[PDB]
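Next comes just one chain, in structure tokens: the form deposited without the named molecule.
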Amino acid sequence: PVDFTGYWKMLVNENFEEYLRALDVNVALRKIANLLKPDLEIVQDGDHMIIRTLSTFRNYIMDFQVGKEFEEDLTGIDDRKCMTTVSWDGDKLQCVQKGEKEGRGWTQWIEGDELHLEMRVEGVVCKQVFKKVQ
């Protein structure tokens, strides 16, 4: 179906403060996190994906098989651990992160030449949109 491989630059980042607050991130980290505009670097081969969130502060790496639950170490974000599953929902990717926080997960898809990422926790929705540099 869809190949997310690319270096994706952030265009839109809505409600990130609210999202981090819901994860109990301290204000000092939130202050700096919001000015950050992390890139997304994705390499995919079939059901195998590495998704790197790249910033000047901290990087976050997700390295998984679609459909295979794994222990996700959210070191650098809220430093929690989740039981995480990323699933194919047609061409969309749906991630559920089971753990402390209810309703934690995200949805990722491509519309035209933009990558959309919706991250959720406890009913907060953060909306991100990315584009490659042509």
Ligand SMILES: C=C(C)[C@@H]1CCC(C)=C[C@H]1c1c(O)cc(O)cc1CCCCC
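Numbering starts at 1 and runs along the sequence shown.
Of the two stretches examined, 56-64 and 26-34, the record assigns the greater average C-alpha temperature factor to 26-34. Relative to its counterpart among 93-101 and 75-83, 75-83 has the higher mean temperature factor, C-alpha atoms as listed in the PDB entry.
Based on the entry's C-alpha B-factors, the most elevated value among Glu122, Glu118, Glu114, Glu14 belongs to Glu122. When the CA B factors of the chain's modelled residues are split into thirds, the value for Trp106 lands in the lowest one.
Only in words, not in the display: the form deposited with the named molecule bound, which the text now covers.
Distance criterion of 4.5 Å from any heavy atom to the named molecule in the bound PDB entry singles out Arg58 from the list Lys92, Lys98, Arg58, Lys68. Though the partner is left out of this view, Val43 does not reach within 4.5 Å of the named molecule in the bound PDB entry, counting heavy atoms only.
Contact between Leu36 and the named molecule in the bound PDB entry is found at the 4.5 Å heavy atom cutoff. In the bound PDB entry, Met83 stays away from the named molecule, with no heavy atom inside 4.5 Å. In the bound PDB entry, the named molecule stays beyond 4.5 Å of every heavy atom belonging to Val124. Of the residues in 119-134, those that come within 4.5 Å of the named molecule in the bound PDB entry through at least one heavy atom are, in sequence order, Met119, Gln128.
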